[PDB]
Amino acid sequence: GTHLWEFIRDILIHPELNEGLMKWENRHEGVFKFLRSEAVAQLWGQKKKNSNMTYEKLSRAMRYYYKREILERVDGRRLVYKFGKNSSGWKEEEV
DNA sequence: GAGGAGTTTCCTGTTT
DNA sequence: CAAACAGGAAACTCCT
């Protein structure tokens, strides 16, 4: 999973390797939240070998996922996103 | 090389 | 006030 969204999912489905980076707000609906935004952006930059990655830019790539329905926009909830019908491998019976 | 997907950068404005 | 959220645009990195 070299794509941003897969990277996010991978962290969320591996809590035993999660430095309190993120957590499910509702695992059944695929609603999640960033607990350490810059820290996650850092790891993501790291993965692509880019020490200048920030949450700001990571979020821009996240917003591009709405049109593609890889993510469903969640309003009124800072740092809270939600997996869309086009994403996969995150359900309690899909992993 | 050409052209597209998926970001990465930048920026300006709005909202929380 | 300090972060997030919003998108349009343009530049980049792979892939076929």
# chains A, B, ... in the order shown; residues from 1 in each chain; ligands from 1
>>> residues_around(residues="residue C:4", least_positions_apart="6", cutoff="8 Å", atoms="only C-alpha atoms (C1' of nucleotides)", output="list in words")
residues 78 and 79 of chain A; 16 of chain B
>>> write_last_selection(atoms="C-alpha atoms (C1' of nucleotides)", output="PDB file, in the first residue's frame")
ATOM      1  CA  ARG A  78     -11.445  18.652  13.162  1.00  0.00           C
ATOM      2  CA  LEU A  79      -9.008  15.896  12.124  1.00  0.00           C
TER       3      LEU A  79
ATOM      4  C1'  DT B  16     -13.179  26.574  14.369  1.00  0.00           C
TER       5       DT B  16
END
>>> residues_around(residues="stretch 18-28 of chain A", least_positions_apart="3", cutoff="9 Å", atoms="only C-alpha atoms (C1' of nucleotides)", output="list in words")
residues 8, 11, 12, 14, 15, 31, 32, 33, 34, 35, 36, 37, 39, 40, 80, 90, 91 and 92 of chain A
>>> interface_residues(of="chain A", to="chain C", cutoff="10 Å", atoms="only C-alpha atoms (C1' of nucleotides)", output="short mmCIF file (atom, residue, chain, number, x, y, z; two decimals) with C-alpha atoms, in the first residue's frame")
data_model
loop_
_atom_site.label_atom_id
_atom_site.label_comp_id
_atom_site.auth_asym_id
_atom_site.auth_seq_id
_atom_site.Cartn_x
_atom_site.Cartn_y
_atom_site.Cartn_z
CA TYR A 55 -0.22 17.78 7.96
CA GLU A 56 -1.33 20.72 5.83
CA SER A 59 -4.71 16.96 4.28
CA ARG A 60 -4.76 18.37 0.73
CA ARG A 63 -9.39 16.21 0.28
CA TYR A 64 -8.72 14.90 -3.22
CA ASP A 75 -18.12 18.09 8.71
CA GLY A 76 -17.69 19.87 12.03
CA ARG A 77 -15.05 17.43 13.29
CA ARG A 78 -11.45 18.65 13.16
CA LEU A 79 -9.01 15.90 12.12
#
>>> interface_residues(of="chain B", to="chain A", cutoff="10 Å", atoms="only C-alpha atoms (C1' of nucleotides)", output="CSV table (one decimal) with N, CA and C atoms (P, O5', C5', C4', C3', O3' and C1' of nucleotides), in the first residue's frame")
chain,number,residue,atom,x,y,z
B,6,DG,P,-5.6,7.1,-9.0
B,6,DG,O5',-4.5,7.7,-8.1
B,6,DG,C5',-3.2,7.1,-8.0
B,6,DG,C4',-2.2,8.0,-7.3
B,6,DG,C3',-2.7,8.8,-6.0
B,6,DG,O3',-1.8,8.6,-5.0
B,6,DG,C1',-1.7,10.3,-7.5
B,7,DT,P,-2.3,8.8,-3.4
B,7,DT,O5',-2.7,10.3,-3.4
B,7,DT,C5',-2.0,11.3,-2.7
B,7,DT,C4',-0.6,11.5,-3.4
B,7,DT,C3',0.2,12.6,-2.7
B,7,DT,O3',1.5,12.1,-2.4
B,7,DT,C1',0.1,13.0,-5.0
B,8,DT,P,2.3,12.7,-1.1
B,8,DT,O5',2.9,14.1,-1.7
B,8,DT,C5',4.1,14.0,-2.5
B,8,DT,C4',4.5,15.4,-3.0
B,8,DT,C3',4.7,16.5,-1.9
B,8,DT,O3',5.9,17.3,-2.3
B,8,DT,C1',3.2,17.3,-3.5
B,9,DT,P,6.7,18.1,-1.2
B,9,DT,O5',6.5,19.6,-1.6
B,9,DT,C5',5.4,19.9,-2.5
B,9,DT,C4',5.6,21.3,-3.1
B,9,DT,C3',5.7,22.4,-2.1
B,9,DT,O3',6.5,23.5,-2.6
B,9,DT,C1',3.6,22.5,-3.3
B,10,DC,P,6.8,24.8,-1.7
B,10,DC,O5',5.6,25.8,-2.1
B,10,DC,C5',4.9,25.6,-3.3
B,10,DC,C4',4.1,26.8,-3.6
B,10,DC,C3',4.0,27.8,-2.5
B,10,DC,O3',4.0,29.1,-3.0
B,10,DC,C1',1.8,27.0,-3.0
B,15,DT,P,-16.7,31.7,6.7
B,15,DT,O5',-16.1,30.5,7.6
B,15,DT,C5',-16.0,29.2,7.2
B,15,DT,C4',-15.5,28.3,8.3
B,15,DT,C3',-16.2,28.5,9.6
B,15,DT,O3',-16.4,27.2,10.1
B,15,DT,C1',-13.9,28.7,9.9
B,16,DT,P,-17.4,26.9,11.3
B,16,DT,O5',-16.5,26.3,12.4
B,16,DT,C5',-15.6,25.2,12.2
B,16,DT,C4',-14.5,25.1,13.2
B,16,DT,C3',-15.0,25.1,14.7
B,16,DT,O3',-14.4,24.1,15.4
B,16,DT,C1',-13.2,26.6,14.4
>>> select_by_dssp(residues="chain A", states="strand (DSSP E)", output="ChimeraX atom specification")
/A:22-26,31-34,80-82
>>> atom_distance(atom1="atom CA of residue A:87", atom2="atom CA of residue A:7")
11.9 Å
>>> select_by_dssp(residues="stretch 10-95 of chain A", states="alpha helix (DSSP H)", output="number ranges by chain")
A: 10-12, 37-47, 55-67
>>> atom_distance(atom1="atom CA of residue A:46", atom2="atom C1' of residue B:3")
28.6 Å
>>> atom_distance(atom1="atom CA of residue A:74", atom2="atom CA of residue A:41")
19.6 Å
>>> residues_around(residues="stretch 82-85 of chain A", least_positions_apart="3", cutoff="8 Å", atoms="only C-alpha atoms (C1' of nucleotides)", output="PDB file with N, CA and C atoms, in the first residue's frame")
ATOM      1  N   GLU A  29     -18.285   2.258  11.112  1.00  0.00           N
ATOM      2  CA  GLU A  29     -18.598   3.196  10.039  1.00  0.00           C
ATOM      3  C   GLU A  29     -17.346   3.653   9.292  1.00  0.00           C
ATOM      4  N   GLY A  30     -16.176   3.295   9.816  1.00  0.00           N
ATOM      5  CA  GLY A  30     -14.931   3.688   9.181  1.00  0.00           C
ATOM      6  C   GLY A  30     -14.561   5.129   9.491  1.00  0.00           C
ATOM      7  N   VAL A  31     -15.059   5.642  10.609  1.00  0.00           N
ATOM      8  CA  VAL A  31     -14.756   7.011  11.005  1.00  0.00           C
ATOM      9  C   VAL A  31     -13.505   7.000  11.881  1.00  0.00           C
ATOM     10  N   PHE A  32     -12.500   7.768  11.479  1.00  0.00           N
ATOM     11  CA  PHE A  32     -11.259   7.834  12.232  1.00  0.00           C
ATOM     12  C   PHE A  32     -10.766   9.256  12.529  1.00  0.00           C
ATOM     13  N   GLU A  69     -14.367   9.293  -3.860  1.00  0.00           N
ATOM     14  CA  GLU A  69     -15.142   8.496  -2.912  1.00  0.00           C
ATOM     15  C   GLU A  69     -14.312   7.430  -2.190  1.00  0.00           C
ATOM     16  N   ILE A  70     -13.054   7.772  -1.938  1.00  0.00           N
ATOM     17  CA  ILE A  70     -12.149   6.900  -1.214  1.00  0.00           C
ATOM     18  C   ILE A  70     -12.345   7.275   0.264  1.00  0.00           C
ATOM     19  N   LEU A  71     -12.807   8.511   0.468  1.00  0.00           N
ATOM     20  CA  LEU A  71     -13.106   9.062   1.793  1.00  0.00           C
ATOM     21  C   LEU A  71     -14.419   9.806   1.685  1.00  0.00           C
ATOM     22  N   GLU A  72     -15.171   9.822   2.780  1.00  0.00           N
ATOM     23  CA  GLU A  72     -16.435  10.539   2.853  1.00  0.00           C
ATOM     24  C   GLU A  72     -16.142  11.685   3.798  1.00  0.00           C
ATOM     25  N   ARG A  73     -16.395  12.903   3.351  1.00  0.00           N
ATOM     26  CA  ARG A  73     -16.132  14.069   4.168  1.00  0.00           C
ATOM     27  C   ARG A  73     -16.974  14.085   5.446  1.00  0.00           C
ATOM     28  N   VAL A  74     -16.347  14.446   6.555  1.00  0.00           N
ATOM     29  CA  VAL A  74     -17.017  14.544   7.843  1.00  0.00           C
ATOM     30  C   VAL A  74     -16.942  16.027   8.209  1.00  0.00           C
ATOM     31  N   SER A  88     -10.881  -0.048   0.798  1.00  0.00           N
ATOM     32  CA  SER A  88     -11.069  -1.425   1.231  1.00  0.00           C
ATOM     33  C   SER A  88     -10.057  -1.870   2.270  1.00  0.00           C
TER      34      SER A  88
END
>>> decode(residues="chain B", atoms="N, CA and C atoms (P, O5', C5', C4', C3', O3' and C1' of nucleotides)", output="mmCIF file, in the first residue's frame")
data_model
loop_
_atom_site.group_PDB
_atom_site.id
_atom_site.type_symbol
_atom_site.label_atom_id
_atom_site.label_comp_id
_atom_site.auth_asym_id
_atom_site.auth_seq_id
_atom_site.Cartn_x
_atom_site.Cartn_y
_atom_site.Cartn_z
ATOM 1 O "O5'" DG B 1 11.687 12.576 -23.713
ATOM 2 C "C5'" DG B 1 11.866 12.699 -25.124
ATOM 3 C "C4'" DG B 1 10.589 12.362 -25.857
ATOM 4 C "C3'" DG B 1 9.356 12.977 -25.208
ATOM 5 O "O3'" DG B 1 8.449 13.513 -26.160
ATOM 6 C "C1'" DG B 1 9.138 10.604 -25.264
ATOM 7 P P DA B 2 7.204 14.377 -25.637
ATOM 8 O "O5'" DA B 2 6.036 13.300 -25.513
ATOM 9 C "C5'" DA B 2 5.517 12.647 -26.671
ATOM 10 C "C4'" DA B 2 4.165 12.048 -26.365
ATOM 11 C "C3'" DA B 2 3.229 12.986 -25.605
ATOM 12 O "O3'" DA B 2 1.886 12.796 -26.062
ATOM 13 C "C1'" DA B 2 3.687 11.059 -24.272
ATOM 14 P P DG B 3 0.727 13.824 -25.619
ATOM 15 O "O5'" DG B 3 0.014 13.061 -24.422
ATOM 16 C "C5'" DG B 3 -0.574 11.786 -24.639
ATOM 17 C "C4'" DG B 3 -1.037 11.203 -23.327
ATOM 18 C "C3'" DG B 3 -1.755 12.195 -22.410
ATOM 19 O "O3'" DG B 3 -2.873 11.553 -21.798
ATOM 20 C "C1'" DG B 3 -0.010 11.164 -21.237
ATOM 21 P P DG B 4 -3.972 12.430 -21.021
ATOM 22 O "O5'" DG B 4 -4.286 11.549 -19.737
ATOM 23 C "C5'" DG B 4 -4.421 10.133 -19.841
ATOM 24 C "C4'" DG B 4 -4.139 9.486 -18.506
ATOM 25 C "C3'" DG B 4 -4.782 10.197 -17.317
ATOM 26 O "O3'" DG B 4 -5.310 9.230 -16.416
ATOM 27 C "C1'" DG B 4 -2.468 9.979 -16.943
ATOM 28 P P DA B 5 -6.252 9.700 -15.203
ATOM 29 O "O5'" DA B 5 -5.558 9.021 -13.946
ATOM 30 C "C5'" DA B 5 -5.187 7.649 -13.980
ATOM 31 C "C4'" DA B 5 -4.390 7.312 -12.746
ATOM 32 C "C3'" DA B 5 -5.040 7.837 -11.467
ATOM 33 O "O3'" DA B 5 -4.838 6.904 -10.405
ATOM 34 C "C1'" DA B 5 -2.929 8.880 -11.762
ATOM 35 P P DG B 6 -5.597 7.113 -9.009
ATOM 36 O "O5'" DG B 6 -4.466 7.734 -8.072
ATOM 37 C "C5'" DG B 6 -3.196 7.098 -7.957
ATOM 38 C "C4'" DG B 6 -2.202 8.004 -7.265
ATOM 39 C "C3'" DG B 6 -2.729 8.751 -6.037
ATOM 40 O "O3'" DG B 6 -1.786 8.640 -4.961
ATOM 41 C "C1'" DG B 6 -1.662 10.257 -7.495
ATOM 42 P P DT B 7 -2.291 8.799 -3.448
ATOM 43 O "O5'" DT B 7 -2.741 10.324 -3.361
ATOM 44 C "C5'" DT B 7 -1.958 11.301 -2.683
ATOM 45 C "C4'" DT B 7 -0.623 11.485 -3.364
ATOM 46 C "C3'" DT B 7 0.230 12.554 -2.674
ATOM 47 O "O3'" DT B 7 1.531 12.081 -2.366
ATOM 48 C "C1'" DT B 7 0.090 13.022 -5.010
ATOM 49 P P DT B 8 2.331 12.735 -1.141
ATOM 50 O "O5'" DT B 8 2.939 14.082 -1.748
ATOM 51 C "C5'" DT B 8 4.121 14.044 -2.540
ATOM 52 C "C4'" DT B 8 4.532 15.434 -2.976
ATOM 53 C "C3'" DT B 8 4.735 16.498 -1.894
ATOM 54 O "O3'" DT B 8 5.890 17.264 -2.262
ATOM 55 C "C1'" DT B 8 3.243 17.306 -3.518
ATOM 56 P P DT B 9 6.720 18.087 -1.155
ATOM 57 O "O5'" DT B 9 6.526 19.590 -1.625
ATOM 58 C "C5'" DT B 9 5.438 19.919 -2.460
ATOM 59 C "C4'" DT B 9 5.642 21.277 -3.078
ATOM 60 C "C3'" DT B 9 5.699 22.408 -2.059
ATOM 61 O "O3'" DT B 9 6.511 23.475 -2.572
ATOM 62 C "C1'" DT B 9 3.645 22.505 -3.271
ATOM 63 P P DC B 10 6.802 24.774 -1.667
ATOM 64 O "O5'" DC B 10 5.613 25.754 -2.060
ATOM 65 C "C5'" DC B 10 4.942 25.586 -3.303
ATOM 66 C "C4'" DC B 10 4.085 26.789 -3.603
ATOM 67 C "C3'" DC B 10 3.969 27.798 -2.464
ATOM 68 O "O3'" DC B 10 4.041 29.122 -3.002
ATOM 69 C "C1'" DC B 10 1.804 26.952 -3.025
ATOM 70 P P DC B 11 3.957 30.397 -2.023
ATOM 71 O "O5'" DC B 11 2.531 31.013 -2.371
ATOM 72 C "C5'" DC B 11 1.721 30.423 -3.388
ATOM 73 C "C4'" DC B 11 0.313 30.964 -3.315
ATOM 74 C "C3'" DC B 11 0.092 31.964 -2.180
ATOM 75 O "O3'" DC B 11 -0.769 33.007 -2.627
ATOM 76 C "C1'" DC B 11 -1.425 30.183 -1.958
ATOM 77 P P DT B 12 -0.866 34.374 -1.789
ATOM 78 O "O5'" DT B 12 -2.431 34.578 -1.641
ATOM 79 C "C5'" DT B 12 -3.292 34.373 -2.751
ATOM 80 C "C4'" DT B 12 -4.707 34.202 -2.262
ATOM 81 C "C3'" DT B 12 -5.004 35.149 -1.103
ATOM 82 O "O3'" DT B 12 -6.318 35.672 -1.227
ATOM 83 C "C1'" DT B 12 -5.377 32.931 -0.413
ATOM 84 P P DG B 13 -6.872 36.684 -0.118
ATOM 85 O "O5'" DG B 13 -8.169 35.933 0.398
ATOM 86 C "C5'" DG B 13 -8.951 35.146 -0.498
ATOM 87 C "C4'" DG B 13 -9.936 34.312 0.283
ATOM 88 C "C3'" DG B 13 -10.451 35.039 1.529
ATOM 89 O "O3'" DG B 13 -11.864 34.897 1.656
ATOM 90 C "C1'" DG B 13 -9.553 32.942 2.140
ATOM 91 P P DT B 14 -12.594 35.406 2.993
ATOM 92 O "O5'" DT B 14 -12.995 34.041 3.711
ATOM 93 C "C5'" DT B 14 -13.524 32.965 2.945
ATOM 94 C "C4'" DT B 14 -13.936 31.832 3.852
ATOM 95 C "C3'" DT B 14 -14.668 32.291 5.112
ATOM 96 O "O3'" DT B 14 -15.815 31.468 5.345
ATOM 97 C "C1'" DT B 14 -12.752 31.006 5.706
ATOM 98 P P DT B 15 -16.690 31.676 6.677
ATOM 99 O "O5'" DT B 15 -16.124 30.547 7.645
ATOM 100 C "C5'" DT B 15 -15.983 29.218 7.162
ATOM 101 C "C4'" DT B 15 -15.473 28.313 8.253
ATOM 102 C "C3'" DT B 15 -16.181 28.463 9.597
ATOM 103 O "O3'" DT B 15 -16.398 27.152 10.109
ATOM 104 C "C1'" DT B 15 -13.857 28.688 9.896
ATOM 105 P P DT B 16 -17.429 26.914 11.310
ATOM 106 O "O5'" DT B 16 -16.476 26.332 12.449
ATOM 107 C "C5'" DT B 16 -15.618 25.230 12.160
ATOM 108 C "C4'" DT B 16 -14.547 25.085 13.217
ATOM 109 C "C3'" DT B 16 -15.022 25.148 14.670
ATOM 110 O "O3'" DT B 16 -14.423 24.051 15.373
ATOM 111 C "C1'" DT B 16 -13.179 26.574 14.369
#
